[PDB]
Amino acid sequence: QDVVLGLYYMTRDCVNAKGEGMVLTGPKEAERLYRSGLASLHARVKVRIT
Amino acid sequence: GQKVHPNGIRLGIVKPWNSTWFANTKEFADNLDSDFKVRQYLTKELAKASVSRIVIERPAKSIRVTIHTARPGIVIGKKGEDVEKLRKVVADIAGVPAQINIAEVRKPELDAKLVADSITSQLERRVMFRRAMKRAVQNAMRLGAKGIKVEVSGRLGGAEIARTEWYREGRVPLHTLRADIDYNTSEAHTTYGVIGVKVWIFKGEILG
Amino acid sequence: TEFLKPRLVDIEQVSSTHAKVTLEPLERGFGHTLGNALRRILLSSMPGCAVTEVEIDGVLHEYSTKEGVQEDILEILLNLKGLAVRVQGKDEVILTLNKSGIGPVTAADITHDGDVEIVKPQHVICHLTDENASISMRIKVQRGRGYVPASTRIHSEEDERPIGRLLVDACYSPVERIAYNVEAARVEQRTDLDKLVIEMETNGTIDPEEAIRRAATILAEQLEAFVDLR
Amino acid sequence: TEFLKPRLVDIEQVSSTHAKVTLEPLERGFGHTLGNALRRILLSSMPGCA
Amino acid sequence: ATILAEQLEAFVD
Amino acid sequence: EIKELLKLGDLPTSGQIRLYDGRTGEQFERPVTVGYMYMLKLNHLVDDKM
Amino acid sequence: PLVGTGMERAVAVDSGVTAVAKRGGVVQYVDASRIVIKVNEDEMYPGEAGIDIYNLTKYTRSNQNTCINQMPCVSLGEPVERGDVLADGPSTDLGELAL
Amino acid sequence: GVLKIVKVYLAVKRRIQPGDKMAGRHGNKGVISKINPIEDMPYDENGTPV
Amino acid sequence: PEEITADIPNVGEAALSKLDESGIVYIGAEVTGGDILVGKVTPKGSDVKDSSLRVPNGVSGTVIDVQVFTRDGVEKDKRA
Amino acid sequence: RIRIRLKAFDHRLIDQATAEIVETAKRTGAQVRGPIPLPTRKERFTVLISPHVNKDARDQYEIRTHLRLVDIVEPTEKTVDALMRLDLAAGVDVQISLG
């Protein structure tokens, strides 16, 4: 119950947030942009995943 | 009378004093007398209660007694009923405001005086002295004494010719000043005469 | 490395207890780091003196009642647990409270020594109603940190104490509430600097610059394990 | 009023660009203090060039 | 660690 | 009347205050509900069951 | 309870765990042992001059091993009326009901 | 009949601990899980922990 | 009959403690589990035993009250 | 000026007392003179240790009374009074004397 709420709030999206439509060189700097305070947890973004 | 008193030789180093006050030559003797009185009274009273050490300490015209006993419950009785009673009598004896504290003696088998007392009691109620001695020694050892010695003397088993017998176990260094040697004595007033019981209990060496 | 260093520039006392303090200047982003670290340390690990053992005369246990008073003995122990003492020299002192007569027993009636300071002269303890009633308690004030309770202090105590001494729980920490704010600093040539406005709320016994200095030393000596060894 | 200093017990070097600094023991509620302080400094304040 | 220690180096004992 | 009483006190009308985290010092997104509930201790204590 | 229903008063009075005053008046408040209430003259009988002495039940065993205890919630020299409460029982606060 | 009749009344004082049961008035049962420190609590911007 | 005496057997200077010289817990105290409250043991039951009602396992507390309407005789030489 | 004469049998205890006194002085007032050690009195005693007769058999005891002279140069309002509530450890006879 708690963990599906944490995931459903995490992997979602909104039509404008901090860092809308910026491009990221990996998931590591995705978490670094979430922690430093430069993007939001749900902000649509092109990443490069492997 | 060969040996030095083990407490007495160590008062400056590892053992402390019982009466702990300052007084000028004027009031000192009187103070001593008072101490003697109060202590005597306490012994008389708390015979059935296992009492090891009465520590008197008088600051500012007011006497602070500290009774070290194995069972506080019998000395205290009901909470602040017996202690209170004791206090006023102590005060009377002294002629000043009294204050009784009661320290609880952890491990009465390792306290020497208590052991001695027990032995004396046993002797009085007509047990085999030797068996009592053994018990005393064994118990202490079990409890974690680095060593113990006990000695009993005179009219043993009501025999006409008096003698002394003693049991040591572990190590009991008396010449070593830094050794915590709890020494104490007692006297069994039996039907055949007095039987004196000495007991040395070596807790361990102090390093400073 | 173009960093700077902060200083305690202005220390305003809003009252004797509630008192703010600035910090200036902090670098960019450091404000929430130092503020949260000083908050955690200043709430967990400060030394303050508190009541530990209470000794009332003519008492058996803490669940009895007494002659001539309002609050019962558990109420007296709670009102003594709230006390705020500030010793200077020793680390373990014994106070004395003696009072007779009809009226409330404030904290200002304790016969103080020289190096103890009771900073709440309106802290009520008892409400003596009979004029023939008396109360003579002897408090014991240790000094530590954190929270050490009666159950753990039931066997921890080594010094064989006599029976009749009521054991009160020890709330040692004199900090109760702390908030920090990261404003915009007014630097005449820099715009990317900030100030930290720590808003403490003490027990009255602790001096805020001394508390901040001690928390800073705690943090630096904790980080020395990272600095020196690897 | 004396505090527990730790010993740095482990550097499990997984690769040349990987580490895991196992570190014990600290006072109750100090691991989060040290970890969060180091994490925010390492994210948004450590100097370097790119 | 030395960045934070030199940052806090001012008001210590 | 709950909203009007929350306006007499200086509290926010929604009943919800923004709360920071004691661990990380940073704001919880999406403000949370804080209030006073009258909580009771039932007599099913754990050191009568262990 | 900050959010109650107002039925706390009737439950805390009507269950006999609080020492509700029988006859109104003032107070003498020895109280260490008992609340002593001087009675106003209108509620007071001609003979049997009379002042009401309430017994407070201190720390004792309930049927569920909890502690039933009464504490006086009136001071010394304070007017009380008939039906008013004097001693707060277990789980009561000034005559209300504090579970 | 009965000869020696000694009744002794102990009084334990139980505090609260991980494992007790608390509940509100609405049916919200709970077993109190973690007894947190004051610092780790969610504090609002005024400073008071919850 | 069984007996109310502190002169508790086999068990040593760990019986006579939270009690008086004539037996029974001495009131108040910080008693826990495995303590002794009322020395209550008989001879012929080198054939003595320990029925002395003790404190149950896991509980602590303070003796708040001791009631005794015992077999007309409970007294020692005089508390009764 | 307040001269203070500390006297005791235990030296460590005396030292402790002296320090405490200094502390008491120094917070309230200013310019405490200092803890000056005077000569110790070594009052000796010889006694015969036999119950009856053996004269060369002897114990030689002594009582070492230590002296500490603490002086306070400026008696303020706050300072002098501070000692009233501030009693020292037992077995240490103090002797304050202003002027």
# chains A, B, ... in the order shown; residues from 1 in each chain; ligands from 1
$ residues_around --residues "residue A:13" --least-positions-apart "6" --cutoff "8 Å" --atoms "only C-alpha atoms" --output "PDB file with N, CA and C atoms, in the first residue's frame"
ATOM      1  N   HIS A  42       8.474  14.617 -11.180  1.00  0.00           N
ATOM      2  CA  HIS A  42       7.692  14.340 -12.376  1.00  0.00           C
ATOM      3  C   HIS A  42       7.806  15.536 -13.311  1.00  0.00           C
ATOM      4  N   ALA A  43       8.765  15.473 -14.230  1.00  0.00           N
ATOM      5  CA  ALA A  43       8.951  16.526 -15.223  1.00  0.00           C
ATOM      6  C   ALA A  43       9.504  15.893 -16.479  1.00  0.00           C
ATOM      7  N   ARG A  44       8.754  15.969 -17.578  1.00  0.00           N
ATOM      8  CA  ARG A  44       9.088  15.170 -18.747  1.00  0.00           C
ATOM      9  C   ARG A  44      10.330  15.702 -19.456  1.00  0.00           C
TER      10      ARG A  44
END
$ closest_atom_pairs --of "stretch 19-40 of chain F" --to "stretch 36-55 of chain C" --cutoff "10 Å" --atoms "only C-alpha atoms" --output "Markdown table"
| residue | atom | partner | partner_atom | distance |
| --- | --- | --- | --- | --- |
| F:21 | CA | C:36 | CA | 9.5 |
| F:22 | CA | C:40 | CA | 7.7 |
| F:23 | CA | C:36 | CA | 8.0 |
| F:24 | CA | C:36 | CA | 7.1 |
| F:25 | CA | C:36 | CA | 5.3 |
| F:26 | CA | C:36 | CA | 8.7 |
$ write_last_selection --atoms "N, CA, C and O atoms" --output "compact mmCIF listing (two decimals), in the first residue's frame"
# COMPACT_ATOMS: atom_id res chain seq x y z
N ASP F 21 11.24 18.13 6.61
CA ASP F 21 11.65 16.83 7.10
C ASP F 21 12.80 17.03 8.08
O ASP F 21 13.72 17.80 7.81
N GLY F 22 12.74 16.34 9.21
CA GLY F 22 13.80 16.49 10.19
C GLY F 22 15.09 15.85 9.79
O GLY F 22 16.15 16.26 10.26
N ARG F 23 15.03 14.85 8.92
CA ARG F 23 16.23 14.18 8.44
C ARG F 23 16.99 15.02 7.43
O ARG F 23 18.18 15.28 7.59
N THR F 24 16.30 15.46 6.38
CA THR F 24 16.95 16.12 5.26
C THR F 24 16.81 17.63 5.25
O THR F 24 17.48 18.28 4.45
N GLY F 25 15.97 18.20 6.10
CA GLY F 25 15.84 19.64 6.18
C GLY F 25 15.11 20.27 5.02
O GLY F 25 15.06 21.50 4.94
N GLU F 26 14.52 19.48 4.15
CA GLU F 26 13.92 19.98 2.93
C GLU F 26 12.45 19.63 2.89
O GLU F 26 12.01 18.63 3.44
$ atom_distance --atom1 "atom CA of residue F:9" --atom2 "atom CA of residue H:48"
16.8 Å
$ select_by_dssp --residues "stretch 55-222 of chain C" --states "helix (DSSP H, G or I)" --output "number ranges by chain"
C: 73-81, 107-109, 152-154, 208-222
$ residues_around --residues "residue I:11" --least-positions-apart "5" --cutoff "12 Å" --atoms "only C-alpha atoms" --output "PyMOL selection string"
(chain B and resi 139) or (chain I and resi 6+16-17+35-36+39+48-50+52)
$ closest_atom_pairs --of "chain D" --to "chain E" --cutoff "10 Å" --atoms "only C-alpha atoms" --output "tab-separated table"
residue	atom	partner	partner_atom	distance
D:34	CA	E:1	CA	9.4
D:37	CA	E:4	CA	8.4
D:38	CA	E:1	CA	6.9
D:41	CA	E:4	CA	7.9
D:42	CA	E:1	CA	9.4
D:45	CA	E:3	CA	9.1
D:46	CA	E:3	CA	8.4
$ write_last_selection --atoms "C-alpha atoms" --output "PDB file, in the first residue's frame"
ATOM      1  CA  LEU D  34      27.137  13.482   8.461  1.00  0.00           C
ATOM      2  CA  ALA D  37      25.921  17.260   5.005  1.00  0.00           C
ATOM      3  CA  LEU D  38      28.455  15.431   2.855  1.00  0.00           C
ATOM      4  CA  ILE D  41      28.283  19.484  -0.357  1.00  0.00           C
ATOM      5  CA  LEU D  42      29.355  16.804  -2.847  1.00  0.00           C
ATOM      6  CA  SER D  45      29.502  22.669  -3.968  1.00  0.00           C
ATOM      7  CA  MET D  46      32.532  20.608  -4.929  1.00  0.00           C
TER       8      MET D  46
END
$ interface_residues --of "chain A" --to "chain D" --cutoff "9 Å" --atoms "only C-alpha atoms" --output "list in words"
residues 32, 35 and 36 of chain A
$ write_last_selection --atoms "C-alpha atoms" --output "mmCIF file, in the first residue's frame"
data_model
loop_
_atom_site.group_PDB
_atom_site.id
_atom_site.type_symbol
_atom_site.label_atom_id
_atom_site.label_comp_id
_atom_site.auth_asym_id
_atom_site.auth_seq_id
_atom_site.Cartn_x
_atom_site.Cartn_y
_atom_site.Cartn_z
ATOM 1 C CA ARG A 32 21.294 14.397 -8.955
ATOM 2 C CA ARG A 35 18.227 15.993 -5.082
ATOM 3 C CA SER A 36 19.989 19.310 -5.693
#
$ select_by_dssp --residues "chain D" --states "strand (DSSP E or B)" --output "number ranges by chain"
D: 7-11, 21-24
$ residues_around --residues "residue D:8" --least-positions-apart "4" --cutoff "9 Å" --atoms "only C-alpha atoms" --output "VMD selection string"
(chain C and resid 225 to 226 229 to 230) or (chain D and resid 21 to 24)
$ write_last_selection --atoms "N, CA and C atoms" --output "mmCIF file, in the first residue's frame"
data_model
loop_
_atom_site.group_PDB
_atom_site.id
_atom_site.type_symbol
_atom_site.label_atom_id
_atom_site.label_comp_id
_atom_site.auth_asym_id
_atom_site.auth_seq_id
_atom_site.Cartn_x
_atom_site.Cartn_y
_atom_site.Cartn_z
ATOM 1 N N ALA C 225 37.078 12.542 11.686
ATOM 2 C CA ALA C 225 37.243 11.158 11.266
ATOM 3 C C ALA C 225 37.211 11.016 9.748
ATOM 4 N N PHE C 226 36.462 11.876 9.061
ATOM 5 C CA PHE C 226 36.523 11.889 7.604
ATOM 6 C C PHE C 226 37.760 12.617 7.108
ATOM 7 N N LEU C 229 41.530 10.384 8.723
ATOM 8 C CA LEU C 229 41.570 9.019 8.222
ATOM 9 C C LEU C 229 40.711 8.965 6.966
ATOM 10 N N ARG C 230 41.377 8.840 5.813
ATOM 11 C CA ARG C 230 40.772 8.762 4.482
ATOM 12 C C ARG C 230 39.823 9.921 4.192
ATOM 13 N N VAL D 21 32.113 3.290 1.717
ATOM 14 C CA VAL D 21 32.843 3.608 2.951
ATOM 15 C C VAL D 21 31.946 3.192 4.110
ATOM 16 N N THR D 22 32.061 1.925 4.496
ATOM 17 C CA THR D 22 31.393 1.444 5.700
ATOM 18 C C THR D 22 32.023 2.100 6.920
ATOM 19 N N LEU D 23 31.196 2.602 7.828
ATOM 20 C CA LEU D 23 31.684 3.502 8.860
ATOM 21 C C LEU D 23 30.822 3.349 10.095
ATOM 22 N N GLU D 24 31.453 3.077 11.232
ATOM 23 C CA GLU D 24 30.738 2.724 12.443
ATOM 24 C C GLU D 24 31.617 3.063 13.634
#
$ residues_around --residues "stretch 127-129 of chain B" --least-positions-apart "4" --cutoff "9 Å" --atoms "only C-alpha atoms" --output "PyMOL selection string"
chain B and resi 119+122-123+133-134+152+156-157
$ residues_around --residues "stretch 18-31 of chain I" --least-positions-apart "4" --cutoff "6 Å" --atoms "only C-alpha atoms" --output "CSV table (one decimal) with N, CA and C atoms, in the first residue's frame"
chain,number,residue,atom,x,y,z
B,73,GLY,N,16.1,-3.2,54.3
B,73,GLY,CA,14.7,-3.4,54.6
B,73,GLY,C,14.4,-3.6,56.1
B,74,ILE,N,15.2,-4.3,56.8
B,74,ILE,CA,15.0,-4.5,58.3
B,74,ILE,C,15.5,-3.3,59.1
B,77,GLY,N,12.7,-0.8,57.9
B,77,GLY,CA,11.4,-1.2,58.3
B,77,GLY,C,10.4,-0.8,57.3
B,78,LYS,N,9.3,-0.2,57.7
B,78,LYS,CA,8.4,0.6,56.9
B,78,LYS,C,9.0,1.9,56.5
C,60,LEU,N,7.4,7.3,52.1
C,60,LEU,CA,7.7,5.8,51.9
C,60,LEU,C,8.0,5.6,50.4
C,61,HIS,N,7.1,5.9,49.5
C,61,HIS,CA,7.1,5.8,48.0
C,61,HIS,C,6.6,7.0,47.3
I,5,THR,N,9.0,-16.9,57.8
I,5,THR,CA,10.2,-16.4,58.4
I,5,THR,C,11.2,-16.1,57.3
I,6,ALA,N,12.1,-15.1,57.6
I,6,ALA,CA,13.1,-14.6,56.6
I,6,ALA,C,14.2,-15.7,56.5
I,37,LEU,N,9.2,-11.3,48.4
I,37,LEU,CA,8.2,-10.4,49.1
I,37,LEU,C,7.8,-10.9,50.5
I,38,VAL,N,7.4,-12.2,50.5
I,38,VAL,CA,6.9,-12.8,51.8
I,38,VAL,C,7.5,-14.2,52.0
I,39,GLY,N,8.6,-14.3,52.8
I,39,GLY,CA,9.3,-15.5,53.2
I,39,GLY,C,8.1,-16.4,53.7
I,60,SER,N,8.2,-5.2,37.6
I,60,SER,CA,9.0,-4.4,38.5
I,60,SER,C,7.9,-3.8,39.5
I,61,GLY,N,8.3,-2.8,40.2
I,61,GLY,CA,7.3,-2.0,40.9
I,61,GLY,C,7.7,-1.5,42.2
I,62,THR,N,6.7,-0.9,42.9
I,62,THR,CA,6.9,-0.4,44.2
I,62,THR,C,5.8,-1.0,45.1
I,63,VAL,N,6.1,-1.6,46.2
I,63,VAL,CA,5.1,-2.1,47.1
I,63,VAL,C,4.4,-0.9,47.8
I,64,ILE,N,3.1,-0.7,47.3
I,64,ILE,CA,2.4,0.4,47.9
I,64,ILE,C,1.6,0.1,49.1
$ atom_distance --atom1 "atom CA of residue D:36" --atom2 "atom CA of residue A:8"
25.8 Å
$ decode --residues "stretch 12-29 of chain H" --atoms "N, CA and C atoms" --output "compact mmCIF listing (two decimals), in the first residue's frame"
# COMPACT_ATOMS: atom_id res chain seq x y z
N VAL H 12 3.43 -1.19 39.12
CA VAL H 12 4.31 -1.01 37.97
C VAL H 12 3.90 0.29 37.30
N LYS H 13 4.84 1.00 36.72
CA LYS H 13 4.53 2.19 35.95
C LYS H 13 5.01 1.95 34.53
N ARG H 14 4.09 1.69 33.61
CA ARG H 14 4.45 1.32 32.25
C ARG H 14 4.38 2.53 31.34
N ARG H 15 5.40 2.71 30.50
CA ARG H 15 5.46 4.01 29.87
C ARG H 15 4.75 4.05 28.53
N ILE H 16 5.47 3.70 27.47
CA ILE H 16 4.96 3.44 26.12
C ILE H 16 6.21 2.94 25.41
N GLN H 17 6.05 2.12 24.38
CA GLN H 17 7.18 1.42 23.80
C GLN H 17 6.76 0.87 22.45
N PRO H 18 7.72 0.52 21.58
CA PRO H 18 7.36 -0.12 20.32
C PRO H 18 6.63 -1.42 20.56
N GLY H 19 5.36 -1.45 20.18
CA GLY H 19 4.53 -2.62 20.35
C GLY H 19 3.22 -2.39 21.07
N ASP H 20 3.04 -1.27 21.77
CA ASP H 20 1.77 -0.98 22.43
C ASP H 20 0.69 -0.69 21.40
N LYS H 21 -0.55 -0.52 21.86
CA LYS H 21 -1.64 -0.23 20.94
C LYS H 21 -2.27 1.10 21.32
N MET H 22 -2.27 2.04 20.38
CA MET H 22 -3.02 3.28 20.54
C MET H 22 -4.13 3.35 19.51
N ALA H 23 -5.09 4.23 19.76
CA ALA H 23 -6.22 4.39 18.86
C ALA H 23 -6.91 5.72 19.12
N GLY H 24 -7.49 6.30 18.08
CA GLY H 24 -8.34 7.46 18.26
C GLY H 24 -9.75 7.05 18.63
N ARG H 25 -10.69 7.96 18.41
CA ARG H 25 -12.08 7.66 18.71
C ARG H 25 -12.87 7.18 17.50
N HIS H 26 -12.24 7.01 16.34
CA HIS H 26 -12.97 6.78 15.11
C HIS H 26 -12.79 5.38 14.58
N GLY H 27 -12.05 4.53 15.26
CA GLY H 27 -11.74 3.22 14.76
C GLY H 27 -10.38 3.09 14.13
N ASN H 28 -9.49 4.05 14.33
CA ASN H 28 -8.16 3.98 13.73
C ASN H 28 -7.22 3.32 14.72
N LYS H 29 -7.13 2.01 14.63
CA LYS H 29 -6.26 1.24 15.50
C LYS H 29 -4.83 1.41 15.05
